[PDB]
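*Asks:* got the complex split up, this is the first portion:
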Amino acid sequence: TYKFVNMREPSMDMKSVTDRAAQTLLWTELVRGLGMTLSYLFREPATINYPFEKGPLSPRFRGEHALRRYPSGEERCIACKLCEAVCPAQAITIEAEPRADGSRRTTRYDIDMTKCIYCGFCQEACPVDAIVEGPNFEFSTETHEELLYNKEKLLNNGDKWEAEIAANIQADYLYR
Amino acid sequence: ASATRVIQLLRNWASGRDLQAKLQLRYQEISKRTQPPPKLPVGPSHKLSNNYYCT
Amino acid sequence: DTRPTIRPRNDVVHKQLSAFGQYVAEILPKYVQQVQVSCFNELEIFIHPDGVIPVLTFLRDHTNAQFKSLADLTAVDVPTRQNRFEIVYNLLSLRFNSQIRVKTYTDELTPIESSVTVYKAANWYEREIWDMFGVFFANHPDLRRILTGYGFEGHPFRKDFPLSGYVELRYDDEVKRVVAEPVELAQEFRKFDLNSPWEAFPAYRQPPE
Amino acid sequence: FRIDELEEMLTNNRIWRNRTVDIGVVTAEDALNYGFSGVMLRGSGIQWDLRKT
Amino acid sequence: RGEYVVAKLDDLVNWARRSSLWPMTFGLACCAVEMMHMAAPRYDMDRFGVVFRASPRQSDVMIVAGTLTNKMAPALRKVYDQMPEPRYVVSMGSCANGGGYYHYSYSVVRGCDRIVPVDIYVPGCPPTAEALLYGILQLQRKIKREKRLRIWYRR
Amino acid sequence: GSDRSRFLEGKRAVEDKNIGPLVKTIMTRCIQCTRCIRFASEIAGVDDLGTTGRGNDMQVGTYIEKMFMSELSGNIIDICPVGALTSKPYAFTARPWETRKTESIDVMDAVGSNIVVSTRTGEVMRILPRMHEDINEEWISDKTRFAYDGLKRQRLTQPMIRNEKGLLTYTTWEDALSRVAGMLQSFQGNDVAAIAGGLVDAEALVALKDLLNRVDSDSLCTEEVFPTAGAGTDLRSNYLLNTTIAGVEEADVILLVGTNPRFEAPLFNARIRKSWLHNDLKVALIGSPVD
Amino acid sequence: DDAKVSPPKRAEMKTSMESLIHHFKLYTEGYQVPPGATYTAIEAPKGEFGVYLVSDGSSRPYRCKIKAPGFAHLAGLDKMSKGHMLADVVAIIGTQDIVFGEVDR
Amino acid sequence: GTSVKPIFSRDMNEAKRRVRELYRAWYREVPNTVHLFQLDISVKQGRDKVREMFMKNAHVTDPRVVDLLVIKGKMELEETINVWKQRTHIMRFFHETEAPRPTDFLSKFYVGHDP
Amino acid sequence: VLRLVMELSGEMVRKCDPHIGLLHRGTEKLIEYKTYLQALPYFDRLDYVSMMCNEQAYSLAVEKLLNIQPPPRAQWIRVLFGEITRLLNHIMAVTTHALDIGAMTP
């Protein structure tokens, strides 16, 4: 099925021609829009007072990457390198090693934020929920080197945004 | 981000409609953001028998 | 049903498309080489290059064919075959709604006649191939480079062309302009070795020799 | 209630139409050979839409 | 002594610059659409004195919004080179900051910094509108911490 | 295989048995494919790797905490289908879908076993055997396999010259070649020599011989000594495994003149062992009673 | 439901062997696609949007080509305006609705 | 096998002809592209670059290849003439920012591992 | 990003010449180095006003190759969000067109 959009040709009686002549001469649709915009002027302005008020978000929000850790304090990352094999932009780099305790943690774990495209593929790839993307988006930096994160920076991110990530995961792990 | 009835009648007449039925705003009618944990369902081939991947 | 995951099979369209394939094979035996219809009901016609204009016209004009829409035009470089480049024409019918594909072959140098007249949409698509694969098109109205940067070289989609290209550009104050420099990556593309050494699909096994 | 609101501002306006009505006609026959698609076809008049056909 | 008068005067000047920076739009990809959302009613860039619309002759800040390709680079260079001082350039989006998804391309420069100086690096793919707005606020605080006439007087 | 597990019960866990600093052992991952046992019995010949118990509690190992230290032990890493046996020196250094593979030849032994170097990000991780069927089958010695770590240790990278006190201090290339050129130009004739080592290359052998020839210096010596009385190095038949490695697979009797092929050439001894097994070779030797 | 093509749910990930292996390979190698070429087209809001995806038969594709609705549009844009003013050509590129992210590829 | 299809030229003589007026156009172009593009190049050192680029592909002997170079130079000529090209792309042929590269084996050995 | 080299006898345009490539990323070269699962976001970033429509196209191609059909709920979510994408993209077109023509409020 389909509908013809513009076939409504006008009539030609005296009333219709008088109405059309009035609309053309005594500008009416012009006044119609001019009055609609007036109605929008008196309405309630849609505007959020940044940074005092922030936009609504969701528990699935993808933002700054961070390396979580177990309740015992041990980092969850076992350096399976699945996230490195998954990142479409290849922004993740890991070097692993047999630690002094033995658990295979990352000697190097850096995410190039300028290469990252913020997809959330790493977290869904992680089999221990080690790498995640925190709710933070307020990390606009001044130098390009500031963006290139390190393992220590990722650990600090996971130790600062931690109650956030734990609460969001608790509210989202059932969906995923 | 409701208004005065004097302004309320002015905007409606200028807009030529009853816009109070639904505004571009969004008040308390929104969905709650603390929904209970959803128990997600499963797919068809979740049985433990006659689930041979060959077929 | 019993097969809720496997995609539905539509054999009626398959048989009907095969009938039209025999039709078009009989109509133009001069250029047609091999017609076959895929399992998912998509027919492909392998024609000789000299039939780029004739066959297309027969597909564009014939009452019982009635294909006037150039969905896309593409080359698929494959260095193994003797004529590496293969050009695919995708046509869609309106009166007899369906998708047909005709495929021809050419090497780097042997030109392939430019459709344009049969389908005036091909023009820009045509340019892309020349600007992206090196396949020059005979008597194309304007075969200038279309996509890549100015004064470029090579044809990037060629499988021998490296992923990162050959030369980048950046500001130089010594000359007060953007300048082109040979490639020097800050971090090299790691080429992962996928494609596990175990056979996936027994149906499509290459015969031995 | 805002889709129609946009309509009333643009649809019947004198200068939205005058700047836009009957400028750059595209022939229905010449539309499909040019590889045009979507509303570009539907604007000219061919009843074609992948969502239905 | 002179620091009092010169500091008050240059504080006035840098405040005036800070509250009236005029973006030079320059949207190249989806980052442009996200910036456009950032000028929408919700966040309302225009409230902060930023005006979004600006010819490159009358503008203070360039937002490099999207991937910057090789063919683009001379045009962006001529645009910035004509930009009157002061001229702080903010790069939005992973693509413009450096590389991007298409980092290892053949016709995409690996960062706006290799083309033009970047004053604030805004990350995101795309940086959600309010993150862009926060980068703008960071540039505003940068303009606040500006000591031009102090350095002149103490050269 | 399937795409879902219907195992509703608990799994089985097997305690690990250490069998070296060369092979990582996680025996809960084993599938009892018995490849390791058969490799120990036939290929290596050290029959110490076996099975214990029965049923689902059958465990493949060594019962006694014994020390599997054959010259071909590392190859068990490549015969184990699962990660039950792995390489300890390389243990979780790189996921093998990243390492680029480059073919090369082992130089730790005169066998010249074909190998593949697995290098990621400009760094050598491990050495794997390549199939040749004439040199090394698909096995290499542990000495050949776990020798990459020597590359990361003490290395020479910058030219050094003796200072005023007699210590080798780092310097640029220019002065090093200048000193060498000067005192090579000073002395001609037999006064100039060169002793090629053990891991040298043939190309630099030719280059050094030709360079030393232009000053008529003809004392191009090498560490390993061969009796030059008689034919010496003049005939290829004198200094060569003439019958080739594969030729030992059809021999009848072999005499070993006082050698230790288990350590002199592990792959050659593996070939001798396989021919002894299948072709009932009667092997005899004269010399040290090495097992 | 077939886990060989779609990642398994996280519950069976951490409890079942099959799901663990399938997820490991799916995010390591991925679903190897049977060899073949397709031209899939849909009614994108700009216009008909198509992909010519040809796969050799491994974990990776061999060639994907993008039919974007705006490419043929800009190709015909010359015949589109043939005498109208400059304000008309900018009124044309509007319903021409050409985003320069897909035409340009 | 040996038999092949031409693009335009039949024999080395006619392709030799096409490169002739290609050089004609480049000669008549160089001065007014120097003038129009505000080049820092000089007229003579503009012409000799054209000559050296034409001499760069001296080894080519297959006809079809010669038609390919001539049509690519034709595209180059259009790109330059109607100001579609930009000054930076014109300079791209002249390697200013590119540091001089040594040639002798000794300098190659001094610099680093490279043939 | 756009370039129109226009030839005009003053007002009536004689012959235009658009120059695309001004936002050229080697995406078509980029796909055949990542797996399909990694290749998906390219389409998301390809026509960035109709994201889910491009993803629908690519996904439908992929499991058309695999002889696999999505579950019915997946189909319904796909069509619902593709239609939301249609609303988004049409809003783009109409509103930005009115902006070019001069109308700022819509």
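*Replies:* Right, received. Where do you want to start? Numbering: from 1, shown residues only, chains lettered A, B, ... in the order given.

*Asks:* if you skip the residues just before and after it, what's nearest to the residue nearest the centre of chain I?
*Replies:* For chain I, the residue whose C-alpha lies nearest the mean C-alpha position (CA atoms, centre = their mean) is residue I:47; its distance is 2.2 Å. Spatial nearest neighbour of residue I:47, chain neighbours left out: residue G:102 (3.9 Å); criterion: CB to CB, 6 or more residues apart in numbering or on different chains. Every C-beta, even on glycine, is put in place using the N, C-alpha and C of the backbone.

*Asks:* re earlier: quickly find the element holding the residue nearest to the centre of chain I.
*Replies:* For residue I:47, there is no enclosing helix or strand under DSSP states H and E.

*Asks:* thought it was touching residue I:53?
*Replies:* Yes: counting by CB atoms under 8 Å, residue I:47 does reach residue I:53; the two are 7.4 Å apart.

*Asks:* Now residue H:64: closest residue in space that isn't a chain neighbour?
*Replies:* Residue H:64 sits nearest to residue C:109 (CB to CB, 6+ apart), 4.3 Å away.

*Asks:* circling back to that earlier point, return the residues in contact with the residue nearest to residue I:47.
*Replies:* G:46, G:49, G:66, G:68-71, I:46-47, I:54 (CB atoms under 8 Å, 6 or more residues apart in numbering or on different chains).

*Asks:* mind redoing it with 7 Å?
*Replies:* G:66, G:68, G:70, I:46-47 (CB atoms under 7 Å, 6 or more residues apart in numbering or on different chains).

*Asks:* Going through the residues you listed, which ones are buried?
*Replies:* G:66, G:68, G:70, I:46-47 (16 or more other CB atoms under 10 Å in any protein chain shown).

*Asks:* Tell me the one of those residues nearest chain A?
*Replies:* For these, the closest approach to chain A (CB to the nearest CB) belongs to residue I:46, at 13.0 Å.

*Asks:* Chain J should go on the structure too:
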Amino acid sequence: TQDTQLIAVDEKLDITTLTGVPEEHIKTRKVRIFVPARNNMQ
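*Replies:* Take a look at chain J, now in place beside the chains above:
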């Protein structure tokens, strides 16, 4: 049977200058062909 003004061209193709590869990459670089040996771990 395929008349298109065919010409015997004995010398091998020299598409080198067409490919756009720089001089030192087309000269210095040495490429080897081979059948990749299977991973002995598999």
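
*Asks:* The contacts of residue G:102 again please, this time with chain J.
*Replies:* G:66, G:68, G:70, I:46-47 are the contacts of residue G:102 under CB under 7 Å, 6+ apart.

*Asks:* mind redoing it with 6 Å?
*Replies:* G:68, G:70, I:46-47 (CB atoms under 6 Å, 6 or more residues apart in numbering or on different chains).

*Asks:* Those: which two are farthest apart?
*Replies:* Based on CB to CB, the longest span within these runs between G:70 and I:46 and measures 11.1 Å.

*Asks:* Could I get the full set of strands for chain E?
*Replies:* E:61-65, E:88-92, E:120-122 (DSSP state E).

*Asks:* Any figure for the gap between the residue of chain J most remote from its centre and chain I?
*Replies:* No residue in chain J sits farther from the centre than residue J:41, which is 33.3 Å out by CA atoms, centre = their mean. Distance, residue J:41 to chain I, by CB to the nearest CB, to the nearest Å: 22 Å.

*Asks:* sorry, back to before: nearest to chain I, out of the strands of chain E?
*Replies:* strand E:61-65 (10.6 Å).

*Asks:* other SSEs contacting that closest one?
*Replies:* Contacts defined by 3 or more CB pairs under 6 Å, 6 or more residues apart in numbering or on different chains; DSSP states H and E place strand E:61-65 against helix E:30-38, strand E:88-92.

*Asks:* which other residues reach it?
*Replies:* Contacts of strand E:61-65 (CB under 6 Å, 6+ apart): E:21, E:23-24, E:26-28, E:31-32, E:35, E:88-92, E:96, E:112.

*Asks:* CA-only coordinates of that strand in PDB, if you can.
*Replies:* This file holds the C-alpha atoms of strand E:61-65, laid out as PDB (Å, rounded to 0.1, in the frame of the first residue of the first chain):
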ATOM      1  CA  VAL E  61      38.700  28.200  18.800                       C
ATOM      2  CA  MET E  62      38.700  25.400  16.200                       C
ATOM      3  CA  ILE E  63      37.000  22.100  17.100                       C
ATOM      4  CA  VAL E  64      38.600  19.500  14.800                       C
ATOM      5  CA  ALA E  65      35.400  17.300  14.800                       C
END
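
*Asks:* add chain K to the structure above, sequence below:
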Amino acid sequence: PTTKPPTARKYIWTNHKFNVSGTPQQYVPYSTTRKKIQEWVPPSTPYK
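*Replies:* Just below you will find chain K, in place on the chains above:
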């Protein structure tokens, strides 16, 4: 958070930090790995 106490744990920071970029408390990237191939130490005894 008053009505929803976040789950407390030892490794969580006890003091939130704003973005420290710009101020000298900013983060600088650096290789977090050990050394590659290690140099050979020259001997200290005399040449003879």
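
*Asks:* Take the contacts of residue G:102 again, chain K included.
*Replies:* Applying CB under 6 Å, 6+ apart, the residues near residue G:102 are G:68, G:70, I:46-47.

*Asks:* Residue A:55 too?
*Replies:* residue E:130.

*Asks:* do the same with residue F:266
*Replies:* Contacts of residue F:266 (CB under 6 Å, 6+ apart): F:71-72, F:141.

*Asks:* for residue F:24, same thing?
*Replies:* Contacts of residue F:24 by CB under 6 Å, 6+ apart are F:86, F:88, F:91.

*Asks:* Enumerate the beta-bridge partners assigned to the residue nearest to the second one when sequence neighbours are not counted.
*Replies:* Just to be clear, that refers to residue F:88. Leaving aside its sequence neighbours, residue F:88 sits nearest to residue F:24 (CB to CB, 6+ apart; 4.9 Å). Beta-bridge partners for residue F:24, by DSSP bridges, are residue F:86.

*Asks:* and the gap between the closest residue to chain J within chain E and chain A?
*Replies:* Relative to chain J, the nearest point of chain E is residue E:106 (11.3 Å; CB to the nearest CB). As judged by CB to the nearest CB, residue E:106 and chain A stand 16 Å apart.

*Asks:* which one is residue J:11 nearest to, not counting chain neighbours?
*Replies:* Nearest residue to residue J:11 in three dimensions, chain neighbours excluded: residue H:61, at 6.1 Å (CB to CB, 6+ apart).

*Asks:* Tell me how many other residues crowd that neighbour.
*Replies:* Residues contacting residue H:61 under the criterion other CB atoms under 10 Å in any protein chain shown number 11.

*Asks:* Kindly report the same for residue C:98.
*Replies:* 18.

*Asks:* does the residue positioned nearest the centre of chain G sit in a helix or strand, and which one?
*Replies:* Nearest to the geometric centre of chain G sits residue G:51, at 5.5 Å (CA atoms, centre = their mean). For residue G:51, the host element (DSSP H and E) is strand G:48-55.
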